[PDB]
Amino acid sequence: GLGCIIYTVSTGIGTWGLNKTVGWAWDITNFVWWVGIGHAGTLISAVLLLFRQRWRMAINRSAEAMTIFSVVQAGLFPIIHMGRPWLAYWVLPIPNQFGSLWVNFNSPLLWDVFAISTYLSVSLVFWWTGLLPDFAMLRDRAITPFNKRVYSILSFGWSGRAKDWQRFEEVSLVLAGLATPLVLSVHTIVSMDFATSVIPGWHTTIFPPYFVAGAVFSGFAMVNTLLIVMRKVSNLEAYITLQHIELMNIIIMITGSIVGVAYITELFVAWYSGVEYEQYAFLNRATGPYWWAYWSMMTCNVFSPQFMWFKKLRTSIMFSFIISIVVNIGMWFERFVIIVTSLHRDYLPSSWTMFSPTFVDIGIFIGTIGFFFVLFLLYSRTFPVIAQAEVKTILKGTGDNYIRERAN
Amino acid sequence: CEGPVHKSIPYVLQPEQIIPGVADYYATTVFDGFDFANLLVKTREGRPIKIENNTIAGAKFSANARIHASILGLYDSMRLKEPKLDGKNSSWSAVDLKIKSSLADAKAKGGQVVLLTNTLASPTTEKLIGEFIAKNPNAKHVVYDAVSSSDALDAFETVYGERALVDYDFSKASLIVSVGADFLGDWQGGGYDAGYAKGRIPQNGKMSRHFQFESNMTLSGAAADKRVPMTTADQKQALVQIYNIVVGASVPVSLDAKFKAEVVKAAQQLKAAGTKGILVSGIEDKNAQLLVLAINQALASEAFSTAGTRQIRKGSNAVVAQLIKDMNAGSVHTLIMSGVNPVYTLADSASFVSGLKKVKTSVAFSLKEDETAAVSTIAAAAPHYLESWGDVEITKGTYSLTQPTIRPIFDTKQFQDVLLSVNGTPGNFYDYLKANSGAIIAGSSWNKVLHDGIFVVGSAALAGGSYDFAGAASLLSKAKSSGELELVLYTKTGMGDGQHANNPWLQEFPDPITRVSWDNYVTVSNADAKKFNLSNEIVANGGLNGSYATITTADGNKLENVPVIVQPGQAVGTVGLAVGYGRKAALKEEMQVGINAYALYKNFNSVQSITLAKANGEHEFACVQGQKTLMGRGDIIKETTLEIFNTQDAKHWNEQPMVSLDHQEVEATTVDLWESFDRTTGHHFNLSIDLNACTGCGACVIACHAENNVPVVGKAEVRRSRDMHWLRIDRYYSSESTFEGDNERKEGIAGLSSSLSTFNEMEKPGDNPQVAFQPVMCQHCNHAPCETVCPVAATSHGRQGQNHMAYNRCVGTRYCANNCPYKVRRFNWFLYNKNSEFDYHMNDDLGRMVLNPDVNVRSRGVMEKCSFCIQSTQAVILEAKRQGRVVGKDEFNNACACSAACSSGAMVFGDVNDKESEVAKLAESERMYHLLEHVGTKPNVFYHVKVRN
Amino acid sequence: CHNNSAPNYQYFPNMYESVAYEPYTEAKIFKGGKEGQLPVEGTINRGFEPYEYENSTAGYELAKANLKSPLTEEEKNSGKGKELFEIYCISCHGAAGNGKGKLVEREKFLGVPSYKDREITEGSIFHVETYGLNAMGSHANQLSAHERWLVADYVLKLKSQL
Amino acid sequence: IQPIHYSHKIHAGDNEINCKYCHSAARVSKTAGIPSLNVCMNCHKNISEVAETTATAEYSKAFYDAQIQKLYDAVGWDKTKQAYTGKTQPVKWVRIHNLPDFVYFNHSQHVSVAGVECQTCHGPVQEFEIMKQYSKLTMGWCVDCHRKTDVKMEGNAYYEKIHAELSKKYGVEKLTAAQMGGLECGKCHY
Ligand code: HEC
Ligand code: HEC
Ligand code: HEC
Ligand code: HEC
Ligand code: HEC
Ligand code: HEC
Ligand SMILES: *C(=O)CCCCCCCCC
Ligand code: SF4
Ligand code: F3S
């Protein structure tokens with residue numbers, strides 16, 4: 001993948017399958033797809049916290065890994081697609097020799113720079129702070145002088161004390177409070193790249209909450225597949241139970257129905273509206289050269305979350321593993337369809353065209369997938385996958401020993 | 001990197017006429033045997049750049065697109081830099097001695113000497129040729145045309161007495177009846193654009209309507225009000241039917257009843273418009289041409305006159321045939337030719353070559369070692385127009401001079417200089433011209449003639465006479481050849497003949513009708529396509545593919561042609577075929593593209609009987625435009641009829657969009673949450689298209705790509721629909737024969753079961769639809785969506801009202817190509833400047849002189865856009881500020897070449913706050929109209945209305 | 001690091017050097033090494049007429065006799081004729097005086113006369129101002145054909161004050 | 001290092017040759033170019049040697065006399081019989097002021113229209129033995145000198161519609177940059 005990136009940066013964007021009509025496709029498509037994935041961890045560790053959801057304690061740590069290794073993937077596309085990326089530093093409002101030449105502050109592309117760079121920055125210190133009592137439990141093993149040194153450096157001087165824990169708890173409460181607003185506002189700023197346009201099929205007001213609901217939906221679908229294989233490879237199935245799996249399935253079901261409502265909302269309004277251009281855009285999606293993208297997208301998003309109403313399907317690690325994978329396919333098309341079907345058909349029939357990607361568009365995407373797994377796979381062999389400070393506060397409150405004691 | 005060292009070289013001896021940084025203009029003319037014009041050459045400190053039009057009281061022949069792109073032939077590195085003799089590089093003294101000694105031998109033996117040329121309308125060149133003949137006892141001078149018109153010449157000669165063409169004035173007639181005319185094309189050196197367009201403007205309740213009868217489909221058909229598909233066997237009968245009505249006569253015309261239903265109507269109307277009508281026809285038969293003369297005399301119309309005949313076409317298909325025969329039959333000595341290319345243009349060139357094998361001392365003058373330069377004795381290196389001296393008489397009453405603008409690049413020698421040296425006349429052709437200039441110029445010699453470019457000469461009408469036209473009518477009506485499928489050969493606006501075989505601007509320039517580039521093709525109607533199973537299709541990458549086909553004729557065939565199924569293209573039973581692409585000598589394989597078809601021009605006839613068969617494979621096309629039809633979007637091209645224009649209020653034909661307020665309606669332009677900026681003082685600009693004057697707007701494209709240094713992209717990278725053009729001409733067909741028929745199917749619609757089928761049928765254009773053109777460029781908006789989203793702030797607006805595009809902060813995050821709803825914004829993808837993937841004129845060192853130094857050349861990743869003419873209007877304000885004046889009325893209009901180079905008065909540029917300009921009188925009109933007012937973007941370019949009837 | 005006897009370093013010179021042909025630089029393809037190729041002899045551009053009197057001793061006094069000023073009274077009384085004398089003429093001839101200048105004080109080269117000594121008409125300035133009389137040069141390279149007549153009216157006003 | 005040792009100090013500073021004489025194209029064209037070798041002869045037909053009170057501690061008389069002869073080899077002048085020969089070679093000067101070719105600066109409407117003194121853009125040129133670039137030309141010196149200057153509206157009749165207006169309405173005089181519109185990305189580099 002790196003080879004493909006270098007090639008297209010050094011030889012030209014024209015090596016991609018982009019058109020004079022369709023300026024965006026697969027580059028920003030994959031950008032927003034990775035961004036959507038990287039909201040799962042910030043929900044699990046902040047929203048479930050705010051709603052006192054005890055079961056999150058066995059997930060939080062791996063959920064954080066999911067965002068720090070996916071936001072990073074997304075961060076490549078804002079640079080790679082640029083025409084002259086070595087001049088990217090001009091995006092920042094830095095005093096200079098051009099008569100203090102500045103940037104404007106009206107474009108959502110700039111808003112996105114602030115949204116993504118601060119989203120990542122804040123989440124990095126959040127999950128890192130939570131590692132202090134877990135690295136402490138590894139430096140105290142010190143099986144080799146090398147590892148001894150490593151964990152004595154990775155951990156700070158965290159001698160767990162009354163006062164230290166008191167402050168620790170308060171910090172995590174504050175950051176969770178700040179994190180939920182970031183989850184919403186960051187994806188909303190991304191959403192406004194299309195909502196603020198003049199293009200029929202893009203201009204709307206539903207996107208700011210709509211894309212967010214989709215982000216939750218696709219994010220949890222991803223997380224659920226890794227937890228399913230994790231609990232067998234790492235042998236941590238005593239911590240990741242069927243109740244954790246079932247609850248993940250329930251949440252996915254809920255947000256799936258929200259997305260469904262938004263689909264019928266757009267169709268109603270399109271009919272209700274007297275604008276021919278908006279109505280034609282929806283007709284193009286229903287019937288046109290990309291009909292298969294639209295209908296396969298709808299098939300996945302409409303029916304997949306509805307199987308969860310049946311307990312016999314919901315309470316099945318086999319069935320839910322498969323469905324969780326399917327959801328990500330449908331959501332990739334969700335992003336693809338909106339961008340492409342709205343550009344190859346618009347104002348002035350003479351400008352109507354098609355679109356087909358090239359091997360270097362495909363290759364870069366493959367590269368980001370490969371990199372994701374390199375980072376995540378290495379993570380699983382060096383980091384404490386389950387927070388000890390968290391689990392040990394619930395071991396007495398819940399578990400198949402103490403409950404039996406309470407019953408007799 | 002250290003950054004290079006720049007040096008500067010002043011003159012040892014500086015000439016008075018040259019000032020560094022100051023452009024100079026020269027008055028020259030052009031005539032290459034096919035195209036002709038009066039023009040100005042803008043030059044730099046030593047060299048010519050973009051061609052301008054000469055309008056000093058002789059603005060009769062403006063330059064076309066082919067002429068505008070002709071500058072590339074000057075700076076073509078693939079030119080014969082040195083003359084050759086017997087295949088080897090030689091001196092001109094060797095050439096001179098060879099020719100002189102062969103002439104001496106021909107005289108001694110009593111042989112044949114023949115000079116070949118093409119329509120040298122030149123008093124002094126013709127005189128010089130006459131002197132050659134006077135000195136040489138056995139010299140014949142013969143004229144050879146590629147595309148011939150000798151039938152028209154014979155008809156005129158035998159009535160009035162000379163071989164010349166009638167220069168019709170289309171602005172002095174109300175009814176135009178055209179039978180195979182194509183006067184807006186290359187018909188007789190078509191320069192009738194302005195004349196036609198002038199009568200298409202509804203100044204009052206008047207408008208000249210046009211009746212088109214034709215087999216093919218052309219621009220005059222698209223610009224017609226009525227169009228009747230008709231084969232050549234029907235057209236001849238229709239002409240006689242017209243004759244019988246205008247001229248009372250009884251000739252037994254055999255013609256289809258449905259055709260008679262329209263032919264009779266047109267003829268009766270033509271007859272009614274006495275002195276205000278015109279019959280024009282392009283039937284290759286002297287008898288048909290004679291009937292046209294008879295009818296126009298009967299009409300006695302203002303458009304018909306012999307006072308100023310056209311001297312441009314003076315060939316003969318009988319003389320040329322005799323020449324060819326004699327070369328093979330008898331013994332022909334030294335033959336010298338200039339600008340003549342029988343091998344490749346002559347259908348019988350195989351016999352011509354066998355004739356060449358029997359002659360001695362073949363001398364050919366050219367720019368390239370072409371197919372005839374190859375089969376010859378002496379390859380002479382000719383100069384390229386701007387490297388030579390001359391004089392041209394286009395019409396009967398005019399005289400003009402041609403100045404060289406650049407000193408000879410290569411080792412060339414003028415044809416006339418050669419004639420002078422063999423005649424024994426001292427000096428050169430320039431001196432010869434000086435000596436013979438006083439014979440015509442009664443005024444000041446050079447100072448008032450070379451300076452201005454032209455000289456006016458009086459003339460008089462030709463006497464007519466008695467002639468049995470009734471006999472001719474019966475001969476035409478008796479004439480009949482009704483068989484099977486036939487084809488008609490034609491020329492293009494981008495490809496007149498083989499003088500632009502390797503011209504990248506004309507190769508890239510897309511066809512104004514079919515919207516394709518870099519290739520030849522065959523035009524087949526859809527009714528025929530269904531019989532031959534031929535077709536075209538849009539593929540996944542956006543371009544076009546199509547089937548192959550074979551054309552078979554009597555004793556011959558082509559075996560591989562590329563058909564394009566143009567629905568109304570052919571009437572029925574006919575095939576269109578462009579002629580003039582298959583060249584192979586002295587050019588690169590990137591330019592060796594297309595089909596010649598001259599081999600099918602048997603006996604110089606454009607109409608041939610053929611058999612069409614389907615081939616095996618599939619061809620890929622570099623097609624520019626995708627969709628053929630207009631979806632019923634009346635908010636793009638608004639059209640109406642003349643009686644509606646005259647009797648109904650603007651609310652019924654030019655209606656603007658309304659928006660609801662407090663239960664009230666108001667013009668959409670009044671709704672605005674923001675505040676406007678003050679552009680009431682200081683030169684607010686606009687730009688004005690009227691759709692009636694838009695015939696094809698052909699030469700408006702090439703002039704805009706002349707300053708702005710837009711690079712040339714090959715067949716691939718345009719095949720993927722990724723080309724670079726700043727302004728474009730559109731092409732919108734219809735379904736069910738009208739544009740109002742594509743607004744009755746749409747407004748009458750049902751719910752979701754019929755609307756999935758009507759919108760899928762409205763992209764298949766029906767038989768014989770209506771055509772409409774529309775020029776689309778970047779109208780510089782005021783609430784511009786392309787502005788607000790640029791993160792690096794490379795775009796902004798001025799007080800004048802442009803859209804300023806900086807090429808510096810544009811770090812190519814490609815947003816602003818998306819929020820343009822008109823979507824005219826061209827990102828560049830590769831580096832087009834100096835790499836070997838693009839081996840066009842931007843690469844080589846000799847061909848980087850067309851590029852003007854005032855506009856920068858883009859590299860990679862930056863977008864470009866059809867800006868207003870900033871690099872001219874910043875100089876018009878400059879030249880009006882140093883003097884201490886106010887800018888004049890028509891001074892902004894003459895500088896911006898988007899408007900100052902179009903043929904008709906379609907494009908109008910200028911000021912608005914000046915209330916006495918040409919724009920301010922057009923903006924206050926009942927046809928005031930913008931594209932997409934419901935978007936609310938406030939454009940600065942407004943179209944009017946099509947007012948067809 | 002930046003030196004002063006050589007130009008400074010640059011960061012990605014995208015559009016710095018030229019693809020087109022700016023006027024005075026050096027190239028390779030042309031006839032000489034220059035970029036300022038000479039126009040062809042005998043041609044006439046738009047807005048210029050050739051001077052029809054040849055060089056001295058046969059065309060000098062023929063220009064002195066019958067040759068007039070094609071100006072108007074609106075342009076003579078503008079003050080622009082004085083400003084051209086302030087630039088191109090004080091270095092040898094005097095500003096208000098005649099012959100005193102700036103360079104016969106410094107004694108760099110001698111032999112500049114006054115305007116009382118030689119009788120000069122309004123057409124005899126224009127023949128000398130384009131060709132020079134044995135120690136002057138062609139100032140046609142510097143001034144334009146509209147502007148040599150603006151100088152000639154000012155020199156006649158300088159002789160009348162002497 | 002120029003190939004000749006030309007001195008702007010003796011010519012423009014000690015002899016008081018006026019500044020527009022050699023550089024003559026500043027009034028009309030946008031390139032106030034290097035003076036051609038015809039201006040190097042009409043003053044130097046009568047000046048063969050230099051002086052005796054001009055050679056310095058660094059530069060001698062014989063250094064100047066053997067280098068003014070190099071001007072005679074470029075044109076073809078001969079000292080002996082006072083006549084042109086027929087052998088010419090131009091002088092390859094080194095250009096020290098450069099801008100990239102997206103900008104559009106024009107000396108003509110920027111010296112003749114706006115009456116700027118000829119030392120406030122290129123420095124005190126008459127006190128230089130060899131030529132030196134004085135200002136930095138980097139995009140924030142073009143803007144800064146437009147902030148603090150005035151357009152000349154007294155003489156030009158092009159400004160009669162604008163200057164007679166807004167003295168009744170808004171104000172007496174306006175700056176160049178933020179009032180006439182001289183800070184827009186299409187007026188300087190298009
Ligand atoms: C120094 C090179 C001079 C410059 C600069 C100008 N003039 Fe001159 N001029 C100069 C000399 C040495 C002479 C006399 C030469 C001789 O052989 O006698 C002149 C002469 C004239 C004359 C008189 C001509 C005549 O026929 O008598 C005139 C009217 C004149 N010069 C005008 C003139 C103008 C208008 C100038 C500014 C463009 C100018 N001179 C400059 C030396 C020099
Ligand atoms: C002839 C006697 C001159 C006078 C009067 C002025 N200049 Fe000059 N200039 C002259 C020459 C022969 C050259 C060539 C280069 C060199 O170093 O000799 C120049 C050059 C310049 C330049 C720099 C050119 C560049 O490429 O950057 C400048 C900026 C310049 N000259 C300015 C200038 C000024 C301000 C003058 C009036 C005081 C002036 N010149 C007069 C010759 C002559
Ligand atoms: C081309 C450069 C020019 C032109 C336009 C002028 N002169 Fe000069 N000059 C020239 C050279 C190569 C030299 C010697 C090198 C140096 O730097 O001095 C000179 C020198 C002189 C001198 C002699 C200095 C002395 O007196 O010691 C004088 C006097 C002089 N130049 C005068 C002069 C005048 C009046 C000119 C007309 C404007 C002029 N120069 C132009 C070459 C060149
Ligand atoms: C006296 C005449 C002046 C005036 C008032 C200014 N300059 Fe210009 N300058 C001058 C010369 C003889 C040259 C060399 C010509 C060349 O082409 O190199 C220059 C050069 C420049 C340049 C470089 C040319 C370019 O980039 O195209 C620039 C830029 C430049 N000078 C700028 C400039 C400005 C801003 C001035 C303020 C009024 C200015 N000059 C004045 C001589 C003279
Ligand atoms: C960079 C090159 C410079 C520099 C250093 C200066 N100027 Fe300006 N200037 C420049 C451009 C590209 C333009 C054209 C802008 C336009 O057409 O609006 C100008 C223009 C002016 C003007 C207006 C002229 C007019 O009245 O039409 C004035 C006045 C002016 N410049 C003045 C000025 C002064 C005093 C400077 C300090 C020496 C100066 N300029 C520098 C580019 C550049
Ligand atoms: C809008 C933003 C503008 C404005 C209105 C002007 N400039 Fe220009 N300019 C601008 C950029 C981003 C750059 C640098 C591009 C790069 O690749 O370096 C420039 C550059 C210049 C330069 C060259 C500076 C250098 O070489 O370091 C000059 C000189 C310059 N600009 C002059 C100039 C003038 C006269 C303008 C009219 C006021 C002007 N700039 C406007 C962006 C913008
Ligand atoms: C030319 O080779 C010099 C290039 C200078 C580059 C400056 C880089 C500064 C640190 C990123
Ligand atoms: S038309 Fe397109 S390019 Fe021109 S201003 Fe409007 S949006 Fe920008
Ligand atoms: S939005 Fe801006 S960076 Fe370039 S691609 Fe368009 S001008």
# chains A, B, ... in the order shown; residues from 1 in each chain; ligands from 1
$ closest_atom_pairs --of "chain D" --to "ligand 1" --cutoff "10 Å" --atoms "only C-alpha atoms and all ligand atoms" --output "CSV"
residue,atom,partner,partner_atom_place_in_ligand_line,distance
D:17,CA,ligand 1,5 (C),9.7
D:21,CA,ligand 1,5 (C),9.0
D:39,CA,ligand 1,2 (C),9.5
D:41,CA,ligand 1,2 (C),8.9
D:42,CA,ligand 1,2 (C),5.4
D:43,CA,ligand 1,2 (C),4.8
D:44,CA,ligand 1,2 (C),8.2
D:45,CA,ligand 1,2 (C),8.6
D:46,CA,ligand 1,2 (C),8.8
$ write_last_selection --atoms "C-alpha atoms" --output "PDB file, in the first residue's frame"
ATOM      1  CA  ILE D  17      23.856  61.697 -16.108  1.00  0.00           C
ATOM      2  CA  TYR D  21      18.787  58.349 -20.249  1.00  0.00           C
ATOM      3  CA  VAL D  39      23.789  54.237 -26.201  1.00  0.00           C
ATOM      4  CA  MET D  41      28.678  54.811 -28.474  1.00  0.00           C
ATOM      5  CA  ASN D  42      27.128  58.270 -28.842  1.00  0.00           C
ATOM      6  CA  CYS D  43      28.761  59.306 -25.572  1.00  0.00           C
ATOM      7  CA  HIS D  44      31.870  57.144 -26.133  1.00  0.00           C
ATOM      8  CA  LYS D  45      32.904  58.222 -29.623  1.00  0.00           C
ATOM      9  CA  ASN D  46      34.952  61.015 -28.042  1.00  0.00           C
TER      10      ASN D  46
END
$ residues_near_ligand --ligand "ligand 8" --cutoff "7 Å" --atoms "only C-alpha atoms and all ligand atoms" --output "PyMOL selection string"
chain B and resi 778-781+784-787+803+819-825+865+937+939
$ closest_atom_pairs --of "region 851-875 of chain B" --to "region 82-103 of chain D" --cutoff "9 Å" --atoms "only C-alpha atoms" --output "CSV"
residue,atom,partner,partner_atom,distance
B:853,CA,D:101,CA,8.5
B:854,CA,D:101,CA,8.5
B:855,CA,D:102,CA,7.5
B:856,CA,D:102,CA,5.5
B:857,CA,D:102,CA,8.5
$ write_last_selection --atoms "N, CA and C atoms" --output "PDB file, in the first residue's frame"
ATOM      1  N   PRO B 853       4.270  35.515 -23.081  1.00  0.00           N
ATOM      2  CA  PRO B 853       4.921  35.630 -21.771  1.00  0.00           C
ATOM      3  C   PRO B 853       4.060  36.252 -20.686  1.00  0.00           C
ATOM      4  N   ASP B 854       2.878  36.772 -21.013  1.00  0.00           N
ATOM      5  CA  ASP B 854       2.071  37.492 -20.036  1.00  0.00           C
ATOM      6  C   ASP B 854       1.193  36.590 -19.181  1.00  0.00           C
ATOM      7  N   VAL B 855       0.989  35.336 -19.575  1.00  0.00           N
ATOM      8  CA  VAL B 855       0.169  34.390 -18.827  1.00  0.00           C
ATOM      9  C   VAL B 855       1.047  33.206 -18.445  1.00  0.00           C
ATOM     10  N   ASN B 856       1.047  32.857 -17.159  1.00  0.00           N
ATOM     11  CA  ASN B 856       1.890  31.780 -16.665  1.00  0.00           C
ATOM     12  C   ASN B 856       1.389  30.420 -17.145  1.00  0.00           C
ATOM     13  N   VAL B 857       2.251  29.420 -17.009  1.00  0.00           N
ATOM     14  CA  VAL B 857       1.960  28.063 -17.451  1.00  0.00           C
ATOM     15  C   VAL B 857       1.904  27.169 -16.219  1.00  0.00           C
TER      16      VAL B 857
END
$ residues_near_ligand --ligand "ligand 7" --cutoff "10 Å" --atoms "only C-alpha atoms and all ligand atoms" --output "list in words"
residues 1, 2 and 3 of chain B; 1, 8, 9, 10, 11, 12 and 13 of chain C
$ interface_residues --of "chain D" --to "chain B" --cutoff "8 Å" --atoms "only C-alpha atoms" --output "PyMOL selection string"
chain D and resi 25+29-31+33-38+74-75+88-96+101-102+104+109+112-113+155-158+181+184-187+189-190
$ residues_around --residues "residue 116 (chain D)" --least-positions-apart "5" --cutoff "12 Å" --atoms "only C-alpha atoms" --output "short mmCIF file (atom, residue, chain, number, x, y, z; two decimals) with C-alpha atoms, in the first residue's frame"
data_model
loop_
_atom_site.label_atom_id
_atom_site.label_comp_id
_atom_site.auth_asym_id
_atom_site.auth_seq_id
_atom_site.Cartn_x
_atom_site.Cartn_y
_atom_site.Cartn_z
CA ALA D 26 10.58 52.87 -18.06
CA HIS D 107 7.29 49.75 -14.53
CA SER D 108 5.26 51.99 -16.88
CA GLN D 109 2.08 52.67 -14.87
CA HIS D 110 4.11 52.56 -11.68
CA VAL D 111 6.64 55.33 -12.46
CA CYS D 121 12.49 51.21 -4.91
CA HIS D 122 16.05 50.23 -5.92
CA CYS D 145 4.03 50.16 0.48
CA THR D 149 0.54 55.78 -0.08
CA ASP D 150 -1.89 57.87 -2.10
CA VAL D 151 -3.05 57.64 -5.69
CA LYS D 152 -2.53 60.78 -7.78
#
$ select_by_dssp --residues "region 96-288 of chain A" --states "helix (DSSP H, G or I)" --output "ChimeraX atom specification"
/A:108-129,132-139,145-154,162-195,207-233,242-272,276-286
$ interface_residues --of "chain A" --to "chain D" --cutoff "9 Å" --atoms "only C-alpha atoms" --output "ChimeraX atom specification"
/A:96-101
$ atom_distance --atom1 "CA of residue 1 (chain A)" --atom2 "CA of residue 861 (chain B)"
22.1 Å
$ closest_residue --among "C:55, C:37, C:141, C:121" --to "chain D" --atoms "only C-alpha atoms"
C:141
$ select_by_dssp --residues "region 51-271 of chain B" --states "strand (DSSP E or B)" --output "ChimeraX atom specification"
/B:51-53,84-85,88-89,113-117,139-143,165,175-179,209-214,226-229
$ interface_residues --of "chain A" --to "chain B" --cutoff "8 Å" --atoms "only C-alpha atoms" --output "PyMOL selection string"
chain A and resi 11-14+19-24+81-85+87-88+90-91+103-110+197-199+283+287+343+346-356
